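From first to last, the protein sequence lines are chains P and C.
According to this note's numbering, the first sequence holds residues 24 to 73 in order.
According to this note's numbering, the second sequence holds residues 16 to 65 in order.
In this text, a Cβ means the ideal position worked out from N, Cα and C, and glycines have one as well.
Remarks on the structure that follows.
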Amino acid sequence: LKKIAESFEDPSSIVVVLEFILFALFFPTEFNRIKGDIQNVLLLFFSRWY
Amino acid sequence: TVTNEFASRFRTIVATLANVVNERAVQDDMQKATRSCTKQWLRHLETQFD
């Protein structure tokens, strides 16, 4: 991955995530090699939201 | 690895408290403009002190 450092502070920062799902669909496989460095972020994100 | 226990603690502290600030505020019927701007502020250091 290319280091998407973004604290999920603003409830309007969902954008970074939209970035992933759209991309995961648009390039299911490339995204698959990087499922692993992406989860760090979802976790950074899931942490605060849930 | 991942997060802390210290920053993670402050995170639930800001909330329990914030939740508390919420009751007092809805209590003294206040504009949602500031309930939010301020809750937003309270929120910046949850992550900010992370």
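Just tell me which of the options has its CA closest to the CA of residue i.
i, options, result
"residue 69 of chain P", "P/56, P/52, P/32 and P/26", "P/32"
"residue 55 of chain C", "P/53, P/48, P/45 and P/34", "P/34"
Consult DSSP for residue i and reduce its assignment to one of helix, strand or coil.
i, result
"residue 64 of chain C", "coil"
"residue 28 of chain P", "coil"
"residue 18 of chain C", "coil"
"residue 54 of chain P", "helix"
"residue 70 of chain P", "helix"
"residue 46 of chain C", "coil"
"residue 61 of chain P", "coil"
Mind listing the chain A neighbours of residue i? Cutoff is C-beta to C-beta under 9 Å, in chain order.
i, result
"residue 32 of chain P", "Among the chains of the structure shown, chain A does not appear; the protein chains present are P and C."
Taking the alpha helix (DSSP H) that residue i belongs to, which residues open and close that run?
i, result
"residue 37 of chain P", "Counting along the chain, residue 37 of chain P falls outside any alpha helix (DSSP H), and DSSP gives it neither H nor E."
The stretch 56–64 of chain C / the stretch 21–36 of chain C touching (three or more Cβ pairs under 8 Å): yes
Cβ pair count under 8 Å reaching 3, the stretch 56–73 of chain P against the stretch 28–42 of chain P: yes
Within 9 Å of chain C by C-beta, residues of the stretch 51–72 of chain P in sequence order: 63, 66, 67, 70 and 71
Short-range partners of chain P found in the stretch 16–42 of chain C, where Cβ spacing is below 9 Å: 17, 18, 23 and 26
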